[PDB]
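Next comes just one chain, in structure tokens: the form deposited in one PDB entry.
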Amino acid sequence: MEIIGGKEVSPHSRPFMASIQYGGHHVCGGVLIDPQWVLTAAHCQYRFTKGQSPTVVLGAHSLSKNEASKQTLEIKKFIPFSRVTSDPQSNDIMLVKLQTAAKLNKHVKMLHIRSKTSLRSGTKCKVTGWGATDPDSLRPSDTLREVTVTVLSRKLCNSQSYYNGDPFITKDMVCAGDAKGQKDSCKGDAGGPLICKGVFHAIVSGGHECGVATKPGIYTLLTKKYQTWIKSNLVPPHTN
């Protein structure tokens, strides 16, 4: 009856997944949405380093083991929703610009951004990424896993019982967790996607404690606000 957690997915069943890495170490999730662009949380950009070669890993299942599918590209420029510095609070959404477009095979595909589709609370969604299962684990998950979640209601998520206004869940964010209203995925899950009913809806917002009742996960919703932003960077490109 009790006991419940995530499960490791079928190797390379999420061809769009990407690992953001500093010095070869995974720090966040991301979603390839165009040959030379990754979408991830902005929290995921370590600012206290001019070094630590930032790299993106695609077509991977195991963060450790070698793989005929893996592709390591280099970040050309981080495009965060904030300008230079600004307020490193809300708007936890970022665009990673790669040095070269990535080879597209069956283990490495793109995921499309949501459009007209909306997201009602109560929906069963799935989070994908490399987040550890031990609240104390100092290392992320080796294999790529997946957890099921339920979109909580803002009214209930903004209650005194939950975040109670701090952070306040605006119209662009969304909550999700188990019946205990808590977050499953732990270390290294930030940046991953929130796919519901087969539609890429949001981005896992980083910087939140895992395993605490009434403290669900926050997600950045791909609202018109960010579609616009996305479209401008990716369109127009640099062809001409």
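Each form is matched to the other, and the largest set of C-alpha atoms that superpose within 1.5 Å is called the rigid core. Shifts are known only where both forms have a C-alpha. In this text, residue numbers run from 1 along the sequence as written.
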Open item on the list: Averaging CA B factors per stretch from the PDB record, which one is higher: 176-184 or 55-63?
Closed with: 176-184
Open item on the list: So, looking at the entry's B-factor column for Cα atoms, which has the higher mean, 77-85 or 93-101?
Closed with: 77-85
TODO: Determine which member of 112, 109, 120, 124 has the highest CA B-factor, using the values in the deposited entry.
DONE: 112
Task: Chain-relative CA temperature factor third for residue 149 - done: lowest
Task: residue 209 - Cα temperature factor, lowest/middle/highest third of chain - done: highest
Task: residue 36 - Cα temperature factor, lowest/middle/highest third of chain - done: middle
TODO: Taking the values exactly as deposited, rank residue 131 by C-alpha B-factor within its chain and report the matching third: lowest, middle or highest.
DONE: lowest
Task: Third of chain Cα B-factors occupied by residue 13 - done: middle
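Heads up, the form deposited in another entry isn't pictured, but that's what we're talking about next.
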Task: Listed options 115, 153, 123, 86; Cα moving by 2 angstroms or more between this form and the one not shown (core superposition) - done: 86
Open item on the list: Please check whether, in the other form, the CA atoms of residue 155 and residue 89 lie closer or farther apart than here, given a change of 3 Å or more.
Closed with: closer
TODO: Could you tell me whether residue 38 and residue 84 have their C-alpha atoms closer or farther apart in the other form than in the shown form, knowing the shift is 3 angstroms or more?
DONE: farther
Open item on the list: Residues present in both forms only, core superposed, 2 Å C-alpha shift required: which runs of three or more differ between this form and the one not shown?
Closed with: 1-3, 82-89, 235-238
